[PDB]
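Colleague: Attaching a single structure in C-alpha cells format; questions to follow.
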Amino acid sequence: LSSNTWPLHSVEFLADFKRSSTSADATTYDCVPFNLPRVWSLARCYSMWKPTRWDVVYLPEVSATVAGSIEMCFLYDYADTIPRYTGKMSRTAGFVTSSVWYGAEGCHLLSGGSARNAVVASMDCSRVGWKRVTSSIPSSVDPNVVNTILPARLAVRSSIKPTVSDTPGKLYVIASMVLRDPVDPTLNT
Amino acid sequence: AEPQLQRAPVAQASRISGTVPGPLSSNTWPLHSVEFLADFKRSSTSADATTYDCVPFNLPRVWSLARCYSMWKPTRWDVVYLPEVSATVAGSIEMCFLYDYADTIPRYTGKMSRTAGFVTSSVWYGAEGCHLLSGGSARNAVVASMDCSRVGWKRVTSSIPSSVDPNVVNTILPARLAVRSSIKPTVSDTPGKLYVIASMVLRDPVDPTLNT
Amino acid sequence: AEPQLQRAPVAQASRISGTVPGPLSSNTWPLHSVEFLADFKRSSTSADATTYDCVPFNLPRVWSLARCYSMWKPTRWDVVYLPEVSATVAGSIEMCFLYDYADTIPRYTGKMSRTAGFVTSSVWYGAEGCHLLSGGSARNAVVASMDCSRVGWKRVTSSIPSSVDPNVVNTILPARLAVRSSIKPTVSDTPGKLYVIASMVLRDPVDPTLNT
Amino acid sequence: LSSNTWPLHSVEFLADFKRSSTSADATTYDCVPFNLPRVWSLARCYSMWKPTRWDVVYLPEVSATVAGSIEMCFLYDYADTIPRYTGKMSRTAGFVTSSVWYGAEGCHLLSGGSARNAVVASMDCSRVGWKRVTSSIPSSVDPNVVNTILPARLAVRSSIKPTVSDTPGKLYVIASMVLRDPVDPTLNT
Amino acid sequence: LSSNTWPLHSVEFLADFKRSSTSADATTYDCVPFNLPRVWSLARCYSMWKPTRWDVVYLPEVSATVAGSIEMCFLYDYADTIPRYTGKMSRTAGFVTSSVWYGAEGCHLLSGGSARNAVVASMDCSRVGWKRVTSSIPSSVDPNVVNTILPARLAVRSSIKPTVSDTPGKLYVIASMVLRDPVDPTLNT
Ligand SMILES: [Ca+2]
Ligand SMILES: [Ca+2]
Ligand SMILES: [Ca+2]
Ligand SMILES: [Ca+2]
Ligand SMILES: [Ca+2]
C-alpha cells in the first residue's frame with residue numbers, strides 16, 4: 001500500500017541475445033534496476049528496492065531453420081563461475097533451453113500474460129530482501145560485497161557457436177518490485 | 001494398417017524447462033545430518049578459545065550436497081561434546097557462539113559465560129551425548145546450540161574472506177563456535193570429540209564446479 | 001507440465017474468406033429512412049415543374065451507407081409534403097413521377113395529372129404528414145409514391161450522366177420526382193417542405209472510396 | 001452539495017429569433033455563461049462550470065397565419081459547418097422544427113415546467129465535463145481549441161426567407177449548472 | 001492498482017517565497033510534474049498523469065519580527081488574470097494567507113499529516129481528469145491550449161513590499177498522483 005513504499009510492474013527490453021562464434025561462455029546480466037533505463041528512471045528516486053517478480057522472456061526473430069538453442073539460468077552468488085557449457089547451465093537454477101527460433105508465442109507475456117509456450121527464465125524472488133538501489137556494481141571487490149546489492153545474475157548462453165557472431169533474438173524483462181525510501185535521483189548511486 | 005505419411009517440419013523445437021531432474025534439482029532441499037566437527041584440543045600454553053566457522057564447506061559430507069546449491073539457511077546447528085576421558089580428569093569444556101566476526105574471541109571463563117550459547121561441563125561428563133547423534137535424549141548431553149532463528153538465506157561459499165572487513169565476512173558467516181578449555185594441562189591433550197548436529201535448507205541449484 | 005515441442009512449418013497460410021466483418025459487410029443490407037428532399041419552391045415566372053432524381057447520392061445520410069454497397073433496389077420511396085403556410089394561402093402543389101429521363105417535364109396541371117403517381121393538394125393541407133415521418137397514419141398526408149415494384153437492381157452511382165442519351169441515364173435512374181406549383185405567386189416563395197420516406201435494399205459491398 | 005461547488009438553475013432570455021430575407025444560414029449561439037448577462041454575473045465568479053441542463057425554448061409572438069417554421073439543433077463541434085438548410089438541420093442532433101407562430105404553451109416551462117407542446121431544443125449535457133468559464137471565444141483559432149471551452153452551439157434557422165428581415169419570436173434558455181473554483185469576477189476571462 | 005496505473009505520493013521543495021521590493025504582483029507556479037525534479041523523474045516514464053492531491057505548504061524561516069504575510073490561491077484557467085492585490089487573492093479558490101513568520105508548526109505535514117496549524121494551499125483535484133505529461137508549456141498560445149496540460153497555477157503574493165527583495169520562507173509541494181501509459185523517459189515531451 002503506502003508509507004514510503006511504491007509498487008511497480010514494468011516491462012522493458014533487457015538486451016539482445018548475442019551468440020559468439022568464438023566464446024562458449026554465457027553472458028551475464030545483473031538483475032538490478034540500473035540495467036533498465038526506464039525502470040532506472042523510477043528506481044533511482046528511491047533508496048531501497050525489493051524484487052517481487054523479475055522474469056526474462058526470450059523473443060526470437062530468425063528463420064525456423066537456424067541452428068542452436070538459447071540457454072538461461074540464474075546465478076545467485078557473484079562468486080559463482082559463469083557457465084561455459086550446456087551441462088553447467090542445465091544443472092543450475094531456473095534452467096531453460098529452447099531452439100533459438102522458437103518463442104514468438106511469448107509476446108503474450110509482454111502484453112497481459114498467458115505464459116504458455118513462452119520461453120521465460122524466472123528469478124527466485126521469494127525470500128529476496130530489501131536491497132539498496134545502486135547505480136553500479138563493485139566488481140573489483142569481494143563477491144560477498146557484491147552480493148549485498150546483486151539479488152542475482154541472469155546467465156544466457158548460446159548452446160552452439162555460430163560461424164559468425166549474431167543475435168537471433170532479444171531478451172525482455174518483466175519486473176515487479178516495491179521501492180521504499182525516497183532520494184534525489186541525482187544523488188542516488 | 002496404412003503407412004503414415006509423416007509431414008516434415010522445417011525444424012522442431014528442442015526444449016527443456018527447469019533444472020534437469022536428479023537428486024539435487026529441486027528449488028529447495030532440506031538436509032539434516034550429524035557431522036564430526038573436531039577434537040576438543042586442550043592447549044597447555046594458550047587460554048584462548050578455538051574458533052570454528054559454522055558454514056557448510058566445513059562439513060565434508062554435507063558439503064558434497066551443499067555445493068550443488070547456491071543458497072543455504074541453517075535451521076539447527078548443535079555441537080555435541082563426547083568425552084573420551086576418565087572421571088578422574090580435571091578441567092571443563094567451555095562453548096559459546098560468536099555472531100559477529102569482528103568480535104574478540106573469549107580468553108577466559110568470565111568472557112565465555114557472557115557470550116551467547118554459553119555452556120560448560122566436566123570434561124568427563126556427557127557420554128550420553130552419543131545417543132543424541134542417533135536417536136535423541138539430549139537430557140544428559142553437553143550441547144552448544146547456535147541461534148538459528150532469524151538467520152537468513154546465506155550464499156553458499158567454498159571459502160571465507162579472512163583478511164577482509166569483518167562485516168563482509170559476516171555476510172557469509174552466520175556464526176563461529178568458540179571452544180575453550182577451563183584449564184591448561186601440563187601438556188596438550190584431547191579429552192573428547194565435537195560432533196555437529198546440523199539441519200539446513202538448501203536453495204537454488206548450481207553446477208558444483210561453479211560453486212565457490 | 002512438459003514444454004511442448006512446437007513443429008515449425010515452412011509457412012502457414014494467412015487466409016480471410018469474405019468481406020471483412022463490420023457494419024456494412026453483409027451481402028445485402030435493407031435500409032429504411034426519412035430524408036429531407038427539398039423545399040417546395042414556387043416560381044413566380046416559370047410554370048415548369050422541378051425535377052428530383054430518385055437516387056441514393058441525393059440523400060446525404062442514406063448516401064453515407066449506400067456508397068458502401070455497389071447495388072441498390074428501391075422498395076418504397078415516398079415523398080411527403082409538409083405545409084408551412086396559413087389556410088389563407090392560395091395555390092396547389094402538384095407531384096408525379098417520371099420513369100423515363102427522355103420524357104418531357106410537365107409544364108401544367110393537365111400534363112401533371114396525366115402522369116404516373118399524380119397528386120395535388122391545397123398548399124396549406126397535409127400537416128398531418130408530420131406524423132407520417134415518424135409513426136404512420138398517411139390518412140391525411142400529401143404523399144407522392146413512386147412505383148417501386150418491378151424496379152430492378154440498379155448500380156449505385158455518385159453521379160448522373162446528364163448530357164448523355166436518356167437511355168443510358170435510365171440505367172441508373174429509376175425515376176424522377178416532378179414537383180409543380182399550380183400557380184405563380186407574385187414573387188418566388190416556399191410554401192412547404194418535401195421529405196422522402198425511402199426504403200431500399202443494398203447489395204454487394206464495395207470500398208466507399210471506389211464507389212462512383 | 002458543497003466544497004467549491006455551487007449548483008445553479010436559471011432562466012434567461014437568450015436572443016430574438018431573427019429571420020433573414022436573404023440568408024438561409026442558421027444563426028448559432030454559443031452555449032456558455034457569458035452569453036447570458038445575469039448568469040454571467042454569477043458564473044464569472046467561478047473558474048469552472050459544468051452544464052447539467054441547458055434547454056432553449058422558443059416562445060412565439062406573431063399571427064397564426066405567418067408563414068414559416070423555426071428549426072433548431074445543436075452543433076457539438078466548432079469545426080462543424082453551420083446548417084444552411086432544413087435537411088442539414090433535420091439530420092443533426094436535437095433537431096426540432098415548429099411553425100413560427102406555434103409555441104406559447106411553452107411559457108409553462110419557464111415558470112415551473114410541464115413541457116408539453118413546448119418548442120424546446122435540449123443540449124446533450126450528460127458526459128459533458130468540467131469546462132473553464134471564459135469571457136470570450138477564440139474563433140480565430142483551430143476549432144479544436146474552441147471545443148475546449150464550447151460544450152456546444154445552438155443552431156437556429158428560419159425554414160423560409162421572409163420578404164423582410166423580421167423576428168417572430170424569442171429564445172429563452174433554461175440552464176442548470178454547477179460552478180466550482182472561485183475567482184475574482186473582474187479577473188475572470 | 002494495475003494495468004498502466006499506480007499511485008504516487010511525494011513531497012518536494014517547490015520554490016522560495018520571494019518578496020519583491022517593487023512589484024505587488026503575485027508570482028505564479030505551474031502545477032505540473034516537470035516543475036518538480038524528482039517527481040518529474042518518475043512522471044516522465046508515463047504518458048498520462050492525474051493529480052489526486054497537490055498541496056503547497058509554506059514553511060517560514062525568519063524572525064518573529066518580520067512584518068507582512070504570504071498569500072496563496074490557485075488559478076484554474078490560464079486565461080485568468082493574476083491577482084494584483086489582497087482582495088483579488090482573497091476572492092480566488094484555495095485562498096490562504098498568513099503572517100510571513102508563522103507556519104513552522106506545519107512541518108509535520110511534510111511527514112505524516114495534521115495540517116492543524118499549517119499554511120497550506122490545496123488545489124482542487126477532485127474532477128481533474130487525465131492529462132498528458134509534458135516537458136514544457138506553450139506559454140505563447142491561447143490559454144485554452146495551455147489549460148489542456150495545466151490543471152492549475154499556484155499564485156503566491158506578498159501583502160507587503162519589503163525594503164529589499166527577500167525570501168522569508170519556502171514552499172513545499174505535497175503531491176499525490178496516478179500515472180498511466182508507459183513511455184520512454186527520454187521521449188516524453
Ligand atoms: Ca543508492
Ligand atoms: Ca557459491
Ligand atoms: Ca458504383
Ligand atoms: Ca476564466
Ligand atoms: Ca508526453
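Residues in the C-alpha cells are named by chain (A, B, ... in the order shown) and by number from 1 within that chain; ligands are numbered from 1 in the order shown.
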For ligand 3, collect every residue having any atom at a distance of at most 8 Å from a ligand atom (counting only C-alpha atoms and all ligand atoms); output as a list in words.

Modeller: residues 67, 69, 70, 71, 155, 156, 157, 158, 210, 211 and 212 of chain C

Colleague: Residues within 9 Å of residue A:68, please, as a PyMOL selection string. Count only C-alpha atoms; anything in the same chain fewer than 5 positions from it doesn't count.

Modeller: chain A and resi 98-101+158-162

Colleague: Kindly save the residues from that selection, with N, CA, C and O atoms included, as a short mmCIF file (atom, residue, chain, number, x, y, z; two decimals), in the first residue's frame.

Modeller:
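See selection34.cif below for the written result:
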```
data_model
loop_
_atom_site.label_atom_id
_atom_site.label_comp_id
_atom_site.auth_asym_id
_atom_site.auth_seq_id
_atom_site.Cartn_x
_atom_site.Cartn_y
_atom_site.Cartn_z
N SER A 98 15.81 -23.59 -25.27
CA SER A 98 14.83 -23.70 -26.33
C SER A 98 15.50 -23.31 -27.63
O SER A 98 16.38 -22.45 -27.65
N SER A 99 15.09 -23.95 -28.72
CA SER A 99 15.66 -23.65 -30.02
C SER A 99 15.61 -22.15 -30.25
O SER A 99 14.60 -21.49 -29.97
N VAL A 100 16.72 -21.62 -30.73
CA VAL A 100 16.87 -20.20 -30.98
C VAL A 100 15.73 -19.53 -31.76
O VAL A 100 15.43 -18.35 -31.54
N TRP A 101 15.09 -20.27 -32.65
CA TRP A 101 14.00 -19.75 -33.48
C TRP A 101 12.62 -19.80 -32.80
O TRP A 101 11.67 -19.18 -33.27
N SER A 158 24.61 -19.43 -25.57
CA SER A 158 24.29 -19.97 -26.87
C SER A 158 24.73 -21.42 -26.80
O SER A 158 25.90 -21.71 -26.52
N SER A 159 23.80 -22.34 -27.04
CA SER A 159 24.12 -23.76 -26.98
C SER A 159 25.20 -24.16 -27.98
O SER A 159 25.86 -25.18 -27.81
N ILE A 160 25.39 -23.34 -29.01
CA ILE A 160 26.41 -23.62 -30.02
C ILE A 160 27.08 -22.34 -30.51
O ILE A 160 26.61 -21.24 -30.24
N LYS A 161 28.19 -22.50 -31.23
CA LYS A 161 28.92 -21.36 -31.76
C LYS A 161 28.60 -21.13 -33.24
O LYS A 161 28.98 -21.94 -34.09
N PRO A 162 27.87 -20.05 -33.55
CA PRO A 162 27.55 -19.80 -34.96
C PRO A 162 28.86 -19.48 -35.68
O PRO A 162 29.84 -19.11 -35.03
#
```

Colleague: Could you list, with a cut-off of 8 Å and counting only C-alpha atoms, the residues of chain C near chain B, each shown with its nearest atom pair and the distance in Å rounded to one decimal, rows sorted by chain and ascending number, as CSV?

Modeller:
```
residue,atom,partner,partner_atom,distance
C:2,CA,B:17,CA,7.6
C:3,CA,B:15,CA,6.5
C:4,CA,B:15,CA,7.7
C:5,CA,B:13,CA,4.9
C:6,CA,B:13,CA,5.5
C:7,CA,B:12,CA,4.4
C:8,CA,B:9,CA,5.4
C:9,CA,B:9,CA,5.1
C:10,CA,B:10,CA,5.6
```

Colleague: Atoms to include: N, CA, C and O atoms. Write the selected residues as a PDB file, in the first residue's frame.

Modeller:
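So out09.pdb came out as:
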```
ATOM      1  N   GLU C   2       5.028 -30.625 -19.338  1.00  0.00           N
ATOM      2  CA  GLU C   2       6.167 -30.642 -20.249  1.00  0.00           C
ATOM      3  C   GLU C   2       6.082 -29.527 -21.282  1.00  0.00           C
ATOM      4  O   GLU C   2       5.007 -29.242 -21.809  1.00  0.00           O
ATOM      5  N   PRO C   3       7.219 -28.880 -21.588  1.00  0.00           N
ATOM      6  CA  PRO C   3       7.175 -27.808 -22.586  1.00  0.00           C
ATOM      7  C   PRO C   3       6.820 -28.472 -23.908  1.00  0.00           C
ATOM      8  O   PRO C   3       7.375 -29.517 -24.237  1.00  0.00           O
ATOM      9  N   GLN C   4       5.896 -27.894 -24.665  1.00  0.00           N
ATOM     10  CA  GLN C   4       5.524 -28.514 -25.927  1.00  0.00           C
ATOM     11  C   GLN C   4       6.510 -28.168 -27.036  1.00  0.00           C
ATOM     12  O   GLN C   4       6.825 -27.000 -27.277  1.00  0.00           O
ATOM     13  N   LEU C   5       7.004 -29.219 -27.688  1.00  0.00           N
ATOM     14  CA  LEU C   5       7.985 -29.115 -28.760  1.00  0.00           C
ATOM     15  C   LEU C   5       7.388 -28.735 -30.122  1.00  0.00           C
ATOM     16  O   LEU C   5       7.326 -29.561 -31.032  1.00  0.00           O
ATOM     17  N   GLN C   6       6.976 -27.479 -30.261  1.00  0.00           N
ATOM     18  CA  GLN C   6       6.373 -26.972 -31.496  1.00  0.00           C
ATOM     19  C   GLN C   6       7.125 -27.347 -32.765  1.00  0.00           C
ATOM     20  O   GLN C   6       8.347 -27.254 -32.824  1.00  0.00           O
ATOM     21  N   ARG C   7       6.376 -27.764 -33.782  1.00  0.00           N
ATOM     22  CA  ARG C   7       6.940 -28.135 -35.078  1.00  0.00           C
ATOM     23  C   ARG C   7       6.775 -26.927 -36.014  1.00  0.00           C
ATOM     24  O   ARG C   7       5.650 -26.529 -36.339  1.00  0.00           O
ATOM     25  N   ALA C   8       7.888 -26.336 -36.446  1.00  0.00           N
ATOM     26  CA  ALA C   8       7.801 -25.158 -37.305  1.00  0.00           C
ATOM     27  C   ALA C   8       7.638 -25.468 -38.790  1.00  0.00           C
ATOM     28  O   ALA C   8       8.509 -26.060 -39.431  1.00  0.00           O
ATOM     29  N   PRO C   9       6.511 -25.012 -39.357  1.00  0.00           N
ATOM     30  CA  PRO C   9       6.152 -25.203 -40.758  1.00  0.00           C
ATOM     31  C   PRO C   9       6.860 -24.183 -41.636  1.00  0.00           C
ATOM     32  O   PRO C   9       7.163 -23.071 -41.191  1.00  0.00           O
ATOM     33  N   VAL C  10       7.122 -24.578 -42.883  1.00  0.00           N
ATOM     34  CA  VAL C  10       7.816 -23.747 -43.866  1.00  0.00           C
ATOM     35  C   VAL C  10       7.136 -22.392 -43.959  1.00  0.00           C
ATOM     36  O   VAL C  10       7.770 -21.349 -44.165  1.00  0.00           O
TER      37      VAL C  10
END
```

Colleague: Give me the residues near residue C:36 as a list in words, where near means some atom within 9 Å (using only C-alpha atoms) and where sequence neighbours in that chain fewer than 2 positions away do not count.

Modeller: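 Listed by chain and then number, they are residues 34, 38, 39, 59, 60, 193, 194, 195, 196 and 197 of chain C; 86, 87, 88, 90 and 91 of chain D.
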
Colleague: Give the residues close to ligand 4, within 12 Å, counting only C-alpha atoms and all ligand atoms; write them as a ChimeraX atom specification.

Modeller: /D:32-34,40,43-49,131-137,149,179-189 /E:75-82,92,143-144,147,152
